[PDB]
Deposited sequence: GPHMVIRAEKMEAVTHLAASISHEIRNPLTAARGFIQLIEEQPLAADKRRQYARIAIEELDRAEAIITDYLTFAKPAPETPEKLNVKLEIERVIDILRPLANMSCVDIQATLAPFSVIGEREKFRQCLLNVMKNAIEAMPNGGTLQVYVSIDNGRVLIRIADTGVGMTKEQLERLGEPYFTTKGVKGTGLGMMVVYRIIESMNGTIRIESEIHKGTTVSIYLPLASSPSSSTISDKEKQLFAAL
């Protein structure tokens, strides 16, 4: 049976500094185990794990962010999606994901970097839901006066419990590689653009994310 949902995190510095603090400390402890190669190796492994955590946070929050305040802009949705797709294209390969893009050059008002971040987080989740093969569908249309972007995957899907918790800060099913912060920023960005989001999913079958945005002239 399919289900559908209709729609505190730490500051960015705290979120990134936490793992970097841990990595720095364990790196410095390596030389404090001069007789135990296994303890040195464990320290190094933890440090690397924490550095990978930092990298995951950067991916979720800062993939496109530039060191300058953004200004709201008329965004060509087709072009923005294509660039995000180009970035995730190597990730779709290796995991055998077929990207099918039916797009239209409609315009919405937003901030380019944040909008790209929002799109990346949704699409990356879709690819990660299909670890050993699948199909990624990106579709642009007008739905009752508004720009509809829907992102469908044939992946692992979500139960009702998981789906209702989707976007809750730190909720993840991906273990150490998960942050549970990617969808949270998707929601925040969509809200700021005066949009809405629907997520339909069924376990083992897949997930469809529907983004609704006001049409710009």
Notebook entry, point to check: How would you write out the unmodelled ranges of the deposited sequence, numbered from 1?
Noted result: 8-16, 227-244
